[PDB]
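Here the structure comes first, spelled out in structure tokens, and everything after it is commentary.
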Amino acid sequence: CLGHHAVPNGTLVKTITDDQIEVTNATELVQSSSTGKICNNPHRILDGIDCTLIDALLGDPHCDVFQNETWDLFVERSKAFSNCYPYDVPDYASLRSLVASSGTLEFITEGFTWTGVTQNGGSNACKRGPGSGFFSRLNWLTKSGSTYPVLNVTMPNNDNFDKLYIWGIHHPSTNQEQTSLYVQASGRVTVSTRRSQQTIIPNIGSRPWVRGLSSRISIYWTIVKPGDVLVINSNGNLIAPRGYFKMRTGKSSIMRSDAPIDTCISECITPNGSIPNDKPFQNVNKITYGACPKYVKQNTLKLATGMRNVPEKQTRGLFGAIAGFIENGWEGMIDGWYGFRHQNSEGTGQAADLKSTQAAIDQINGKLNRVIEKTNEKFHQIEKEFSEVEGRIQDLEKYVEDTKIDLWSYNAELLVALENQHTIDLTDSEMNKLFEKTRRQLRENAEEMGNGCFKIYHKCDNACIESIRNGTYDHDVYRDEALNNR
Amino acid sequence: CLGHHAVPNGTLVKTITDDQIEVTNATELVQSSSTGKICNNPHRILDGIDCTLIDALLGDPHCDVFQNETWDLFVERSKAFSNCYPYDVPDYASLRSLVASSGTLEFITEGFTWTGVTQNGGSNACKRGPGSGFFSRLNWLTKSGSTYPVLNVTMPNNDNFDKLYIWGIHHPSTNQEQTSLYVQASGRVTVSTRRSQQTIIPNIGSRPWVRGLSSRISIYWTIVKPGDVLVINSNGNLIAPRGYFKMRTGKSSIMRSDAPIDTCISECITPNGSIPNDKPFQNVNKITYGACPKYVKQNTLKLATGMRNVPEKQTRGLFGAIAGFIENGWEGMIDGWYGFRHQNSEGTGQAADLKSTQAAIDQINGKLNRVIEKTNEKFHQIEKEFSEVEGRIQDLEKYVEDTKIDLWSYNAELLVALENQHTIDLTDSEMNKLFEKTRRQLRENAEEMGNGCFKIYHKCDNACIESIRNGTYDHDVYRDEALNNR
Amino acid sequence: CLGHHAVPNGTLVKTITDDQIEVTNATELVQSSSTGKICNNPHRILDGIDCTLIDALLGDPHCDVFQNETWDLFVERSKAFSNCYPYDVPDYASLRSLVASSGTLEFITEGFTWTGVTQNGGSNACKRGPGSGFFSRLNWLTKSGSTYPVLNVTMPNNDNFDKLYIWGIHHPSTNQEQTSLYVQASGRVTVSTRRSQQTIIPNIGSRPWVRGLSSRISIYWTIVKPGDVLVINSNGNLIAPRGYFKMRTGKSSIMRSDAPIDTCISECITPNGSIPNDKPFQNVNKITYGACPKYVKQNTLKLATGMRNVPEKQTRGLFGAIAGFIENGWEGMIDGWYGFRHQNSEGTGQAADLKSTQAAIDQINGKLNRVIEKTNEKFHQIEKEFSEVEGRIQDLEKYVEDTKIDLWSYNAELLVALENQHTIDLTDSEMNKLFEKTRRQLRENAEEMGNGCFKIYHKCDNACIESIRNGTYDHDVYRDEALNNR
Ligand SMILES: *[C@@H]1O[C@H](CO[C@@H]2O[C@@H](C)[C@@H](O)[C@@H](O)[C@@H]2O)[C@@H](O[C@@H]2O[C@H](CO)[C@@H](O[C@@H]3O[C@H](CO)[C@@H](O)[C@H](O)[C@@H]3O)[C@H](O)[C@H]2NC(C)=O)[C@H](O)[C@H]1NC(C)=O
Ligand SMILES: *[C@@H]1O[C@H](CO[C@@H]2O[C@@H](C)[C@@H](O)[C@@H](O)[C@@H]2O)[C@@H](O[C@@H]2O[C@H](CO)[C@@H](O[C@@H]3O[C@H](CO)[C@@H](O)[C@H](O)[C@@H]3O)[C@H](O)[C@H]2NC(C)=O)[C@H](O)[C@H]1NC(C)=O
Ligand SMILES: *[C@@H]1O[C@H](CO[C@@H]2O[C@@H](C)[C@@H](O)[C@@H](O)[C@@H]2O)[C@@H](O[C@@H]2O[C@H](CO)[C@@H](O[C@@H]3O[C@H](CO)[C@@H](O)[C@H](O)[C@@H]3O)[C@H](O)[C@H]2NC(C)=O)[C@H](O)[C@H]1NC(C)=O
Ligand SMILES: *[C@@H]1O[C@H](CO)[C@@H](O[C@@H]2O[C@H](CO)[C@@H](O[C@@H]3O[C@H](CO)[C@@H](O)[C@H](O)[C@@H]3O)[C@H](O)[C@H]2NC(C)=O)[C@H](O)[C@H]1NC(C)=O
Ligand SMILES: *[C@@H]1O[C@H](CO)[C@@H](O[C@@H]2O[C@H](CO)[C@@H](O[C@@H]3O[C@H](CO)[C@@H](O)[C@H](O)[C@@H]3O)[C@H](O)[C@H]2NC(C)=O)[C@H](O)[C@H]1NC(C)=O
Ligand SMILES: *[C@@H]1O[C@H](CO)[C@@H](O[C@@H]2O[C@H](CO)[C@@H](O[C@@H]3O[C@H](CO)[C@@H](O)[C@H](O)[C@@H]3O)[C@H](O)[C@H]2NC(C)=O)[C@H](O)[C@H]1NC(C)=O
Ligand SMILES: *[C@@H]1O[C@H](CO)[C@@H](O[C@@H]2O[C@H](CO)[C@@H](O)[C@H](O)[C@H]2NC(C)=O)[C@H](O)[C@H]1NC(C)=O
Ligand SMILES: *[C@@H]1O[C@H](CO)[C@@H](O[C@@H]2O[C@H](CO)[C@@H](O)[C@H](O)[C@H]2NC(C)=O)[C@H](O)[C@H]1NC(C)=O
Ligand SMILES: *[C@@H]1O[C@H](CO)[C@@H](O[C@@H]2O[C@H](CO)[C@@H](O)[C@H](O)[C@H]2NC(C)=O)[C@H](O)[C@H]1NC(C)=O
Ligand SMILES: *[C@@H]1O[C@H](CO)[C@@H](O[C@@H]2O[C@H](CO)[C@@H](O)[C@H](O)[C@H]2NC(C)=O)[C@H](O)[C@H]1NC(C)=O
Ligand SMILES: *[C@@H]1O[C@H](CO)[C@@H](O[C@@H]2O[C@H](CO)[C@@H](O)[C@H](O)[C@H]2NC(C)=O)[C@H](O)[C@H]1NC(C)=O
Ligand SMILES: *[C@@H]1O[C@H](CO)[C@@H](O[C@@H]2O[C@H](CO)[C@@H](O)[C@H](O)[C@H]2NC(C)=O)[C@H](O)[C@H]1NC(C)=O
Ligand SMILES: *[C@@H]1O[C@H](CO)[C@@H](O)[C@H](O)[C@H]1NC(C)=O
Ligand SMILES: *[C@@H]1O[C@H](CO)[C@@H](O)[C@H](O)[C@H]1NC(C)=O
Ligand SMILES: *[C@@H]1O[C@H](CO)[C@@H](O)[C@H](O)[C@H]1NC(C)=O
């Protein structure tokens, strides 16, 4: 025989035509399993134990261990929180993705001149050590005695890099508190380059008790390029900077997870943990930092590497080829043409307040009342329409993505099936051709029993088997025996 | 011969390489035809003869036959209209899809206390029977004598289901009419849970004559969950509820069509009618309630089940295999991975009015004039920009969808072609191999004429044909004849 | 032998399983190269040498050579500019695509009656010949002495086509200039059909020095259909029309490029130049006017048309088939189902101005101040949110498109590979079958050396080669020789 030795407990592979045909020895192609831990090499992984990237940026009193810290990849934990002044970031997502892509928190201190104000404002919700305090990159300027002049400061950017400037605005709870910190009964912050300006004004209002405060701080940012100048004008409710952060650009990012940290080596990091990158595809999660297999939607793709399992029982002899190299060639096609994700970036504004106008005569007395009421309602209408729209965009965004994955997974399944069908037909044809080549060489001594194996009527020593293996055979030795049988 | 019996008037199938090759007996794979009628089983189909789902909800006087009605699927007719008070629904589409997905109009009456108002407001455009009337789920409260107090009512939800509350607001034609129904010269409706509030105000204005009215009613809804409370405040122009509708969730929906209703059995309902679900794909329409074949863009996919049609003429004998099972296996691949549609939901607002401010001093006299004019124009700008945006979204939405269908149809065509090519090669190979197996058995008695059939030189009775069929043949019987011919 | 004659310097083709296998004679399938020039036949190509389509429309003094000009395709140059009054078009893109799709600039003059105004306003930035001038389709009406009445004019459309009416509004630099041209200290333009109205008001403001003017003109359009009427009301800052343009619809468009113009014939025009349309796919650019090959992302797809290159050395004889027709059949599949692009249309508004309210008492004094300030900031907020949204839409738009191309290119690569694999297997099988048919005919005279060629032991004249070619051979002639060798 050449009967492929009846390998026990082989497995299923999909083909284009038949389904669940069985093969001698199969390979899996979707690494579906995770240890649950992130290696500490060869990447530089940084554990934000109880802070977020924003809180390390601002300088939280319990994250002063992250100062001038250098990451390849930032990991946020869910068990993180703020233990400082309660704050707010309009377009939070955009700021975070900028800081994330930089890969550094190198903070370079600068010489600002705050004439006619008191520096280093204190809070009891951000006690640094035993006494009152605040964030470590920001200066909370208040009135110096009983005056607050218009802070008008300038800084040219003369160097060969871009500077990132972080600033904000204070929202009081009552007008009394407003006057107590800032002599003027309303504030204004103007931040200008040669290419942009943002003017914001405080919104005095009561908000829920959070760590014993009903006031809030809104955080804004500005990006100055080599050759530009920045000009900060204000007349109250200003949180000044004390420097700029050095920007780079490259391969750096951020991933949210609750996985531990180990001492292995792995380059392929997901929120489920480390994945060996041997396989072409992985089913574990979509987000992949480093170099990773692409994402399919299925649990098993079995790529076949040898024969169907034909027999009742084994018989020794020579045999033909094995699938060998073919795996990386096909891998080439689909690897080449698959994409990288479009990154959910905008998310949403997610505002939760009544932002109407405030005066009894203006809003609830006379024709003017109705107008102002109508204006606020019109804006509410606008806001709700806006949310509807943004939601619809994000819904569509999801649909596109899901469509993509499906179609690629269908392609992947078809391709595996095509290879297995071809592979089966290749090996089958080779065996059949070789067997009948042997039949023409046999010269009537033996006959196939029907399972692609020759029933030999006579015996012969290993010399005959060698002669068959080299295709140099003559039938004279068995002439007398065959004639007697015939 | 084994000449496959020359089946007359076979048909075309697509292959990957050749086109319009012909086969013995072909199958169609796209059920393209409709009776035009909807079966009344096994689904519960409800015919909205002259009402829409919204009109059955509100309680139209000529659709009181739909009270506590239970549908699996709702069908709207185009010949439907309203014969009651002219009305308006902001975000009409959202409300309808909610009611549609429920599958019920179980209306549970509740005990509201309307102090200091007159109940059961009348209209001559909604005459119930012979005298004036209104909708059957709503209470039109008006002034009781010469007073209208602030209606402030509360209802806790103590049960184990969510309640759907339907309410509205009255838009008069003139301020005189406003004062005649409501002592206050302006109205306001505040509807609040622990999780939301909507404050709307009437827009006094003249609108086109519709069934003898220039006034309009705007319809709004609120969704209260187990444990919550609702608080309705108003000071005029209020259309109160009289209860809540019991919500479910499951498999229920709505489809617009002008098809009749029969007494067959069919589970696959489209706006063209009932479709048998035998086939894998259908070309009839995209929307499909129940279990239906997927949608392709082509008129015929012919999947092949047997040989090419080779001969000049027939000759009897045995023959080999037929395609058999293969159809459901491949069906598996593409069924598995195809998607369900993303449902056009938002559509558009589709507002058609001038919604500007109104005062001669405020809008057309002085600097104030210019400001107010500028504000209204700015809002008009906003509205038009909004429409542009929404339109662009919906345009893109269409493009995505069309792209999807094409790509899937291309996949479907490729897959059918792959199977037919393989199928042809499978059968062809089997015949050729079997024929030459027979040739080696023949031992020189007959010779192939060139059409995969043996020209036999001698005659022989059915014994010889049986001996050939079982592959147990010897040539001794025809030795003398063959020698004489040779 | 039948050894396929060892064709020197054949090339690579991709297969599904093996990669970079070699074939005798290969064909390329992506026309990747351009001359750099646009043919002047058979299409009517029009060269906008120093004007854009908008500037030819308005009647620029240096593009009076484009009057009643007829194009199949419009080409804009980058070296084009305006040398007339500085202007502005809100939704510039929409207007341009309308004019582009028409294919004509037939301007039909009409009889307007401008009572109580002075016609033919002059500018020194649009000097026509040696003296002051303006655009050639528009009438700049100013005050006649010391009065400016309300221009209220009407025109019914009684004909069997739609009319395109082009008009505008003047934005001054100072109120003094406003009063000097228009007695009223503010203007207003109302343009109404039975189906729409646009009321715009001038925005007095200083803007950058452009060719010695700080004033600007905003250009608007209106589309009147057969049976309608148009009514233009104004009280200042109005740029009147002098006629309508005849609309068509068909196959006409616009393409931006810096290519020269030749005297060849080509129907397939891209911004890189003319492309012969022989091939199925092209890699040159995406935009294609006329009939063109579809766009793939790859540099070479090699479709195979004959054998692998097997030998050490050649030997003469007959041979089998060649690939022939197969190319257009497969071309059919993918041509059929590919799409045409979704046309970037909206682009963006791209506004660059501070459009706030203006009064010292209204904006910077008292509670009113804060309100007005808040309103302008709220609108700025709205504008920025709008831009964010539009940007996100256009970003997504890009992503969809890129996804599409990839997936199609992957399909194209797979299809080429499938054909080449099949083609190789087809030819290989045919040769092998024919060779062993010849072996059974040989009757022991010759034996294959191992390269699909027969080593012949004896000699024989061309008679033997003919006898082999027709399959009518007997071994008697070589009996004595073979017996002696044996
Ligand atoms: C946090 O980072 C700051 C800034 O330095 C930056 O981060 C460091 C870790 C390194 O990566 C630096 O290359 C990088 O710029 C550290 O500030 C550094 O402090 C020293 C001591 O004050 C500075 O030396 C001074 O240099 C000036 C300028 O020549 C002299 O005039 C002084 O006499 C003195 O020699 C050093 O230059 C400064 N780095 C900068 C601005 O170049 C800081 O120590 C570091 N650690 C913290 C806060 O944890
Ligand atoms: C429309 O529906 C209402 C509400 O009932 C609901 O729909 C029915 C068709 C059934 O599906 C009900 O299970 C479902 O809740 C019908 O109202 C029903 O009316 C009867 C008679 O008034 C009520 O019986 C009363 O029950 C109360 C509470 O125990 C007693 O105090 C009374 O003495 C009396 O026995 C019945 O409970 C009520 N269903 C409800 C609220 O449970 C209504 O008849 C029906 N038909 C219409 C309008 O066409
Ligand atoms: C630019 O185009 C205008 C309008 O004509 C249009 O374009 C032409 C090139 C042709 O394609 C026309 O078929 C097309 O309508 C040209 O105006 C044409 O001018 C002549 C001479 O004034 C008009 O003839 C008159 O017709 C009227 C109406 O019957 C008589 O009352 C007059 O006595 C006279 O015969 C001709 O009709 C008019 N075309 C129109 C409106 O039908 C213009 O010459 C041309 N060239 C420019 C500006 O370069
Ligand atoms: C790896 O860790 C991630 C993060 O915990 C796991 O993601 C989670 O996967 C489950 C799948 O059932 C998600 O549940 C469902 O999500 C859908 C929306 O995607 C929602 O409609 C359902 O109601 C349900 O919540 C879960 O949200 C998701 N969590 C995330 C994204 O934070 C993932 O399963 C883990 N994988 C492995 C192999 O451990
Ligand atoms: C089943 O019934 C539906 C509903 O009547 C039929 O749908 C209709 O199909 C035609 C196809 O020509 C549509 O006409 C064209 O629609 C496109 C937009 O899709 C438009 O650009 C063209 O100007 C033209 O109107 C028609 O709109 C569409 N009607 C709908 C959706 O209500 C369908 O053809 C019927 N199918 C069969 C097999 O009877
Ligand atoms: C045909 O002419 C067009 C127009 O000049 C050429 O298009 C240009 O192609 C290059 C490719 O490198 C583009 O450069 C890159 O574009 C991307 C965005 O697509 C941008 O992110 C990169 O920073 C870089 O600018 C270039 O923009 C593009 N120009 C256009 C569209 O006007 C095209 O290459 C020419 N083709 C041939 C074969 O000559
Ligand atoms: C079945 O196929 C797998 C393919 O992974 C074979 O696994 C190899 O096993 C040898 C040791 O026997 C390792 O040195 C190789 O690295 C493994 N991988 C590869 C790439 O071949 C396995 O041996 C096969 N089993 C049988 C019975 O043939
Ligand atoms: C507020 O700040 C700006 C920028 O620092 C000042 O404008 C500069 O004023 C100086 C002195 O007159 C000029 O030499 C510069 O050319 C100005 N620069 C720019 C960019 O305008 C402005 O004077 C300051 N205003 C006040 C009231 O202090
Ligand atoms: C051609 O193929 C069709 C396949 O649908 C055959 O149709 C079958 O016909 C028999 C009766 O002759 C029915 O009992 C089957 O249910 C039909 N369907 C299937 C699934 O086979 C048809 O008979 C074939 N015709 C010929 C001449 O072979
Ligand atoms: C309007 O309605 C609300 C809710 O029913 C009333 O608020 C409740 O008032 C009672 C009596 O003072 C309190 O016990 C409740 O705690 C209040 N509930 C809530 C949710 O606020 C309110 O008093 C009513 N106002 C008027 C003027 O009648
Ligand atoms: C290799 O294939 C190409 C296919 O384009 C052959 O090109 C043909 O060449 C002849 C002249 O020899 C022209 O008349 C044809 O129009 C060409 N095109 C086609 C469609 O066949 C080329 O001759 C082939 N070379 C060899 C050596 O066989
Ligand atoms: C401004 O123009 C409109 C339209 O030309 C005038 O309205 C028409 O007036 C005439 C005379 O009274 C009527 O016969 C028409 O029926 C009106 N048409 C429409 C569409 O309203 C209007 O009179 C003009 N106003 C002024 C002040 O001149
Ligand atoms: C291998 O397969 C046989 C099938 O009968 C099964 O009984 C056996 O348990 C398998 N493997 C082992 C664990 O012996
Ligand atoms: C079957 O095909 C033949 C082709 O010649 C045609 O004449 C005949 O009409 C067909 N069917 C019938 C209706 O006889
Ligand atoms: C053909 O291929 C051979 C490979 O050795 C190369 O040397 C030769 O230069 C090629 N063509 C020509 C230019 O002679």
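Structural remarks
- Some residue of the stretch C:398-407 being part of a helix (DSSP H, G or I), in contact (Cβ under 8 Å) with a residue 12 or more places away in the chain and within 30 Å of C:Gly324 (Cα to Cα): yes
- The stretch C:314-337, residues that are closer than 30 Å to B:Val400 by Cα and surrounded by 16 or more Cβ atoms within 10 Å (Cβ to Cβ): C:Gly329, C:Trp330, C:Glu331, C:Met333, C:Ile334, C:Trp337
- Restricting the stretch C:15-31 to residues that are within 33 Å of the chain's Cα centre (by Cα) and assigned to a strand (DSSP E or B), the residue that is farthest from C:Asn309 (Cα to Cα) is C:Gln31.
- The combined condition, being more than 14 Å from chain C (Cβ to nearest Cβ), in a loop (DSSP other than H, G, I, E, B) and surrounded by fewer than 17 Cβ atoms within 10 Å (Cβ to Cβ), is not fulfilled by A:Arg341.
- Residues of the stretch B:214-254 satisfying the condition of being touching a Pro at 6+ places or on another chain (Cβ under 6 Å) and among the aliphatic types (A, V, I, L, M): B:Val229
- Any hit, the stretch B:32-40, residues being away from ligand 1 (no atom under 16 Å from the Cβ), within 14 Å of another protein chain (Cβ to nearest Cβ) and assigned to a loop (DSSP other than H, G, I, E, B): no
- Any hit, the stretch A:81-93, residues being in contact (Cβ under 8 Å) with a residue 24 or more places away in the chain, acidic (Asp, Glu) and within 16 Å of ligand 4 (Cβ to nearest atom): no
- Meets criteria (among the hydroxyl-bearing types (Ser, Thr, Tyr), farther than 30 Å from B:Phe112 by Cα, more than 14 Å from every other protein chain (Cβ to nearest Cβ) and more than 16 Å from ligand 1 (Cβ to nearest atom)) for B:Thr270: yes
- The stretch C:5-14 - residue that is touching a residue at least 40 places away in the same chain (Cβ under 8 Å) and part of a loop (DSSP other than H, G, I, E, B) and, of those, nearest to the chain's Cα centre (by Cα): C:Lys14
- The set of residues in the stretch A:186-223 being within 11 Å of another protein chain (Cβ to nearest Cβ), touching a helix residue (DSSP H, G or I) at 6+ places or on another chain (Cβ under 8 Å) and not in a loop (DSSP other than H, G, I, E, B) consists of A:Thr199, A:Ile200.
- Residues that are more than 8 Å from every other protein chain (Cβ to nearest Cβ) and in a loop (DSSP other than H, G, I, E, B), drawn from the stretch B:355-365: B:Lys355, B:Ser356, B:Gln358, B:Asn365
- Pairs are defined by a Cβ separation below 6 Å, a sequence spacing of at least 6 or placement on different chains, a first member in the stretch C:145-164 that is more than 14 Å from chain B (Cβ to nearest Cβ), and a second member that is of a type in the set (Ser, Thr, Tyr) and away from ligand 4 (no atom under 16 Å from the Cβ); the pairs so defined are C:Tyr148/C:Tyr182; C:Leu151/C:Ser234; C:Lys163/C:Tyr244; C:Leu164/C:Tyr244.
- For the stretch B:97-105, the condition of being within 14 Å of chain A (Cβ to nearest Cβ) and away from ligand 3 (no atom under 16 Å from the Cβ) holds for at least one residue.
- Test: A:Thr15 is β-branched (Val, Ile, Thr) and either closer than 24 Å to B:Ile334 by Cα or within 16 Å of ligand 3 (Cβ to nearest atom) (or both): yes
- The C-beta contact set for the stretch B:366-380 (first residue within 8 Å of chain C (Cβ to nearest Cβ), second residue in a helix (DSSP H, G or I) and surrounded by fewer than 15 Cβ atoms within 10 Å (Cβ to Cβ), distance under 9 angstrom, 6+ apart or interchain) comprises B:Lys367/C:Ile361; B:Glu373/B:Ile364.
- Of all residues in the stretch A:432-458, those that are within 13 Å of chain C (Cβ to nearest Cβ) and either of a type in the set (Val, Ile, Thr) or in contact with a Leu (Cβ under 9 Å, 6 or more places away or on another chain) (or both) total 0.
- When A:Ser429 is tested against (1) more than 10 Å from chain B (Cβ to nearest Cβ); (2) small (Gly, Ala, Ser); (3) over 36 Å from the mean Cα position of the chain (by Cα), only condition (1) is not met.
- Criterion applied to A:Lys302, A:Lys313, A:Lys294 was being under 30 Å from A:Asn451 (Cβ atoms), touching a strand residue (DSSP E or B) at 6+ places or on another chain (Cβ under 6 Å), more than 10 Å from chain C (Cβ to nearest Cβ) and more than 16 Å from ligand 5 (Cβ to nearest atom), and the one residue passing it is A:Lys302.
- Restricting B:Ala56, B:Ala93, B:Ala80 to those that are farther than 30 Å from B:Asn432 by Cβ, part of a loop (DSSP other than H, G, I, E, B) and aliphatic (A, V, I, L, M) reduces the list to B:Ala80.
- When A:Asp60, A:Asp55, A:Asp91, A:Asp64 are checked against the criterion of being within 14 Å of chain C (Cβ to nearest Cβ), away from ligand 8 (no atom under 16 Å from the Cβ) and closer than 23 Å to A:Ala240 by Cβ, a single residue qualifies: A:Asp91.
- Qualifying position, being β-branched (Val, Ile, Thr) and either without any contact (Cβ under 8 Å) to a residue 24 or more places away in the chain or within 16 Å of ligand 5 (Cβ to nearest atom) (or both), among A:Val99, A:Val65: A:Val65
- B:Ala352, sole failed condition from (1) in a loop (DSSP other than H, G, I, E, B); (2) among the hydrophobic types (A, V, I, L, M, F, W, C); (3) within 10 Å of chain C (Cβ to nearest Cβ): (3)
- Flag if A:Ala482 is out of contact with any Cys (no Cβ under 9 Å at 6 or more places or on another chain), more than 30 Å from A:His342 (Cα to Cα) and either in contact (Cβ under 8 Å) with a residue 60 or more places away in the chain or more than 12 Å from every other protein chain (Cβ to nearest Cβ) (or both): yes
- Scan of the stretch B:249-285 for residues that are surrounded by fewer than 16 Cβ atoms within 10 Å (Cβ to Cβ) and in contact with a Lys or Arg (Cβ under 7 Å, 6 or more places away or on another chain), ordered by number: B:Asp258, B:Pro260, B:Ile261
- The residues listed here are C:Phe386, C:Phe379; of these, the one that is in contact with a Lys or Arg (Cβ under 7 Å, 6 or more places away or on another chain) and assigned to a helix (DSSP H, G or I) is C:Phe379.
- Test: residue in the stretch A:225-233 that is in contact with a helix residue (DSSP H, G or I) (Cβ under 6 Å, 6 or more places away or on another chain), surrounded by 16 or more Cβ atoms within 10 Å (Cβ to Cβ) and not basic (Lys, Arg): no
- Looking only at residues in the stretch B:174-185 that are of a type in the set (S, T, N, Q) and not in a helix (DSSP H, G or I), the one that is nearest to the other protein chains (Cβ to nearest Cβ) is B:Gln184.
Quick note: the coordinates plus some simple rules give every number you see, no bench work behind them. Quick reminder, even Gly has a Cβ in these numbers, built from the backbone with ideal geometry, and neighbours come from all protein chains shown.
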